[PDB]
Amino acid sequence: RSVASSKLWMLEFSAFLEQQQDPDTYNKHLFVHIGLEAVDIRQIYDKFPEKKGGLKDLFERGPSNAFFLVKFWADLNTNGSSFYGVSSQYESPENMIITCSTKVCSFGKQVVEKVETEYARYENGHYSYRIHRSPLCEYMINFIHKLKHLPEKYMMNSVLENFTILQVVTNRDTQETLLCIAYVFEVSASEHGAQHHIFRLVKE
């Protein structure tokens, strides 16, 4: 349990492209997937929204054990009958109503926010929360298209220098931060495909 606070654990996270070849045949490509060293959070504040409700504000309110930074190496090697989706799965000892807010940022400025409300299902002594096949926003689809149409892979990483995603999972009723994940991206250059590393965000 890497991406886990005391109240919530993200077991799975993935963004994907699914293509329907025919009514019985589906092909799925994963851009990124999850299935701990410390980073000084001050080093990344400029890359995320600030002011009230922003990254610094959220971190100061805590708990400090809810705060993570994930570095992805995205797999963009892939080709009417397409679906861009995001799937994620969470577990908690507690029966809560959770809200998941995902903010896409450019130069630390919010471009778009997607918000989802999730209810618990009882599962083997704990409660499970699943965001299943959530539609990726048009902005993200277009961003991927524009990336893939860049002549050089260094240009892709250059663009991705100033592109971040912030995911905040909250208890809707109490507003407690259950998980806060800052995402940073590079393009995968490996034979392995998509890769990741997970860090704890610390005050200093």
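The numbering used is simple: start at 1 and walk along the sequence shown.
task = Check the entry and tell me how many residues of the deposited sequence have no coordinates between residue 79 and residue 80: none, 1 to 3, 4 to 9, or 10 or more.
result = Unmodelled stretch: 4 to 9 residues.
Length class of the unmodelled deposited segment, which would lie between residue 35 and residue 36 = Missing residues, residue 35 to residue 36: 10 or more.
request  = Identify the stretch, either 62 to 70 or 144 to 152, whose C-alpha atoms have the larger mean B-factor according to the entry.
outcome  = Looking at the recorded C-alpha B-factors, 144 to 152 comes out higher on average.
ask   = Comparing 179 to 187 with 13 to 21, where is the mean C-alpha B-factor higher?
value = Mean C-alpha B-factor is greater for 13 to 21.
key: Third of chain Cα B-factors occupied by residue 100   = Middle third of the chain for residue 100's C-alpha B-factor.
ask   = Among the chain's modelled residues, which third holds the C-alpha B-factor of residue 46?
value = For residue 46, whose C-alpha B-factor we compare with every modelled residue in the chain, the answer is the lowest third.
query = residue 85: which third of its chain by C-alpha temperature factor?
reply = Middle third - that is where residue 85 ends up once the chain's C-alpha B-factors are sorted.
task = Could you say whether, by C-alpha temperature factor, residue 107 belongs to the lowest, middle or highest third of its chain?
result = CA B-factor rank for residue 107: lowest third.
task = Name the third of the chain's ranked CA B-factors that contains residue 52, choosing lowest, middle or highest.
result = Highest third of the chain for residue 52's C-alpha B-factor.
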